[PDB]
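Engineer: Okay, here's the structure, questions in a sec.
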Amino acid sequence: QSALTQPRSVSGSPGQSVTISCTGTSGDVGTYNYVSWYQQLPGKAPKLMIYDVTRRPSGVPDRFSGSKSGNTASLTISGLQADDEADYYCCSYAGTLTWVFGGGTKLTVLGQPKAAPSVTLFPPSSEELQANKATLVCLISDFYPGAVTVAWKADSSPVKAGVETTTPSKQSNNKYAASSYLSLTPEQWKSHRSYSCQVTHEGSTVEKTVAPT
Amino acid sequence: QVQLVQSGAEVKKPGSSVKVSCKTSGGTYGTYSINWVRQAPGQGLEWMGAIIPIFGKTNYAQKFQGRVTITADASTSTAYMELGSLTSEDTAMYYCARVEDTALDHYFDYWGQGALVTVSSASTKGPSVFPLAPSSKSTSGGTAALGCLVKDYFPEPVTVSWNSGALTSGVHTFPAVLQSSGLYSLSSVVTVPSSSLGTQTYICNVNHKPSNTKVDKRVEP
């Protein structure tokens with residue numbers, strides 16, 4: 001009736017092995033051998049990885065194995081690859097036409113080579129300024145590990161209003177990306193000498209600058 | 001191959017009722033079941049209920065019994081899930097999943113693409129698209145980033161292509177931000193040779209199905 005219990009997060013370096021637990025009750029996991037495991041990438045539907053506690057569907061690499069003891073099933077991933085970073089959900093049959101899911105576990109692969117972020121700063125389009133708005137757009141890409149801090153500057157001074165920043169998201173090359181937006185009126189944009197996007201990654205601070213010129 | 005295709009994203013007022021469809025094609029008429037699983041933003045998958053259309057059999061989780069009703073038409077292999085008395089706790093992505101053989105299979109092999117249902121009193125709004133001009137040069141090709149800013153739309157999602165699909169790699173569409181106003185905004189950028197921009201015309205195509213809007217925007221220097 002309630003969700004199966006999974007750890008919130010697991011981590012490991014490339015080539016290592018990790019395991020993700022899924023604890024249910026005697027009524028679902030302890031009774032049936034119908035435990036399945038699904039992988040979900042950011043922004044996609046779940047994909048079946050280990051149905052029938054131990055079986056792999058065709059195409060699923062042999063690095064994914066499944067286990068069960070008593071009321072607890074476990075997904076084991078050997079030889080971690082960066083492509084495995086995802087949310088993993090366990091599922092159990094719990095009676096006739098009934099299933100129960102676990103809470104999910106976020107799997108991140110740390111220890112990959114460091115990558116400095118590419119930073120691009122776009123000034124407000126003159127079309128937007130014609131529409132009586134101004135938006136500064138600072139896009140950050142190709143960085144690893146997937147975490148940065150973004151600050152904005154009005155000619156030297158920190159600006160914290162009108163700033164909206166995404167959480168880092170994975171790219172298709174296993175690196176990360178994010179974006180930050182600074183909302184300004186046309187007058188505030190025209191009245192200053194420059195605006196600066198300053199991106200900090202693992203202690204290193206780079207910056208780009210645009211001007212009303 | 002087996003394909004489960006669902007209805008699109010939708011915004012619904014609180015207290016309304018929402019209906020999501022799942023058409024299966026390529027799927028061996030028989031004792032298959034369609035299961036409905038929802039996922040609140042940033043949350044886990046939650047099984048809601050299931051139907052065996054060949055037998056007309058339905059079952060529901062206790063949390064949703066009495067509020068969700070699942071129906072089906074085997075003649076078109078389509079399933080429907082209707083959820084009533086909507087609140088903002090019901091805002092979620094709603095997936096259909098399939099069980100191929102209810103007597104033999106006890107897992108979900110195929111999933112729909114999911115339909116995002118946003119429960120809100122705010123109105124649907126199409127996006128405004130603005131160009132992000134390169135305005136810079138590095139070399140013959142070197143570096144050049146241009147793009148499109150998709151601003152002030154509701155609800156999610158929007159899709160972005162470049163030149164209607166002619167420009168495919170080196171394009172990067174960032175996840176949207178949710179502004180203080182409750183509206184979304186994202187950007188999508190392509191990196192092309194610096195020689196190209198004198199020659200080639202660059203257009204971004206934004207599709208916002210919830211508002212039935214399509215916007216083409218050419219990115220000039």
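Residues are referred to by chain and number: the chain letter is A, B, ... according to the order shown in the structure tokens, the number counts from 1 in that chain, and ligands are numbered separately from 1 in the order shown.
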Up to 7 Å from chain A, what residues of chain B turn up? Count only C-alpha atoms and give them as a ChimeraX atom specification.
Structural biologist: /B:44-47,50,59,106-109,111,113-114,130-132,174,177,179
Engineer: Apply DSSP to the structure's backbone, then extract all residues of range 79-196 of chain A labelled alpha helix (DSSP H) and return them as a ChimeraX atom specification.
Structural biologist: /A:126-130,186-191
Engineer: Create the file for the chosen residues now, containing C-alpha atoms and written as a short mmCIF file (atom, residue, chain, number, x, y, z; two decimals), in the first residue's frame.
Structural biologist:
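Result file follows (out-v1.cif):
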data_model
loop_
_atom_site.label_atom_id
_atom_site.label_comp_id
_atom_site.auth_asym_id
_atom_site.auth_seq_id
_atom_site.Cartn_x
_atom_site.Cartn_y
_atom_site.Cartn_z
CA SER A 126 16.90 44.72 -29.84
CA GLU A 127 13.60 43.05 -30.73
CA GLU A 128 13.00 42.46 -27.01
CA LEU A 129 14.11 46.02 -26.23
CA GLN A 130 11.59 47.18 -28.83
CA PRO A 186 15.66 48.78 -21.10
CA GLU A 187 16.65 51.83 -19.04
CA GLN A 188 18.65 49.80 -16.51
CA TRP A 189 20.40 48.03 -19.39
CA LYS A 190 21.21 51.27 -21.23
CA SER A 191 22.27 53.23 -18.15
#
Engineer: Please provide as a PDB file with N, CA, C and O atoms, in the first residue's frame all residues within 8 Å of residue 103 in chain B, with the sequence filter that same-chain residues fewer than 2 positions apart are discarded (counting only C-alpha atoms).
Structural biologist:
ATOM      1  N   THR B  31      -4.596 -10.768 -23.955  1.00  0.00           N
ATOM      2  CA  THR B  31      -4.726 -10.421 -22.537  1.00  0.00           C
ATOM      3  C   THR B  31      -3.641  -9.460 -22.054  1.00  0.00           C
ATOM      4  O   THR B  31      -2.985  -9.697 -21.042  1.00  0.00           O
ATOM      5  N   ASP B 101       1.317  -9.992 -21.281  1.00  0.00           N
ATOM      6  CA  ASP B 101       0.505 -11.156 -20.939  1.00  0.00           C
ATOM      7  C   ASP B 101       0.216 -11.109 -19.446  1.00  0.00           C
ATOM      8  O   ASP B 101       1.134 -11.245 -18.632  1.00  0.00           O
ATOM      9  N   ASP B 105       3.268 -12.385 -17.658  1.00  0.00           N
ATOM     10  CA  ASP B 105       4.169 -11.277 -17.373  1.00  0.00           C
ATOM     11  C   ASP B 105       3.702 -10.505 -16.145  1.00  0.00           C
ATOM     12  O   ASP B 105       2.500 -10.329 -15.928  1.00  0.00           O
TER      13      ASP B 105
END
Engineer: What lies within 8 Å of residue 40 in chain B using only C-alpha atoms, ignoring chain neighbours under 4 positions off, as number ranges by chain?
Structural biologist: B: 44-45, 89-93
Engineer: Write out, as a JSON list (two decimals), in the first residue's frame, the residues just selected, with C-alpha atoms.
Structural biologist:
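What ended up in result.json:
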[["chain", "number", "residue", "atom", "x", "y", "z"],
["B", 44, "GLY", "CA", 8.87, 8.96, -7.73],
["B", 45, "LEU", "CA", 6.64, 6.77, -9.86],
["B", 89, "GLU", "CA", -1.18, 17.63, -5.75],
["B", 90, "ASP", "CA", -2.37, 15.95, -8.98],
["B", 91, "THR", "CA", 0.00, 17.94, -11.20],
["B", 92, "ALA", "CA", 2.25, 15.21, -12.55],
["B", 93, "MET", "CA", 3.48, 13.33, -15.58]]
Engineer: Write out as a ChimeraX atom specification which residues come within 10 Å of range 194-204 of chain A when counting only C-alpha atoms, dropping same-chain ones fewer than 3 positions away.
Structural biologist: /A:114-123,136-140,143-159,180-182,189-191,207-213
Engineer: So the first atom is CA of residue 182 in chain B and the second is CA of residue 217 in chain B; what is the distance between them in Å, to one decimal place?
Structural biologist: 24.3 Å
Engineer: Contacts of range 151-162 of chain B at 6 Å or less, counting only C-alpha atoms, minus same-chain residues fewer than 3 places along, as a list in words?
Structural biologist: residues 124, 125, 126, 127, 128, 165, 167, 183, 184, 185, 204, 205, 206, 207 and 208 of chain B
Engineer: Rank B:74, B:197, B:9, B:189 by their smallest atom-to-atom distance to residue 146 in chain B, using only C-alpha atoms, and report the top residue only.
Structural biologist: B:189
Engineer: Need the shell around residue 11 in chain B: protein/DNA/RNA residues with any atom at most 6 Å away, counting only C-alpha atoms. Skip same-chain ones fewer than 2 positions apart. Format as a list in words?
Structural biologist: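 Here the qualifying residues turn out to be residues 117, 118 and 119 of chain B.
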Engineer: Using only C-alpha atoms, which residue out of B:193, B:198, B:8, B:141 lies closest to residue 112 in chain B?
Structural biologist: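 That would be B:8, the residue with the smallest distance to residue 112 in chain B.
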Engineer: Pick out each residue of chain B that DSSP on the backbone tags as strand (DSSP E); I need them as an MDAnalysis selection string.
Structural biologist: chainID B and resid 3:6 10:12 18:25 33:39 45:52 57:60 68:73 78:83 92:99 110:111 115:119 128:132 145:153 159:162 171:173 177:178 184:191 203:208 213:218
Engineer: Nearest to residue 60 in chain B: which of B:196, B:35, B:78, B:136 is it, counting only C-alpha atoms?
Structural biologist: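 Looking at the shortest contact to residue 60 in chain B, the residue is B:35.
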Engineer: Could you jot down the CA of residue 18 in chain A to CA of residue 99 in chain B separation for me, Å, one decimal place?
Structural biologist: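 About the pair CA of residue 18 in chain A and CA of residue 99 in chain B: they are 29.1 Å apart.
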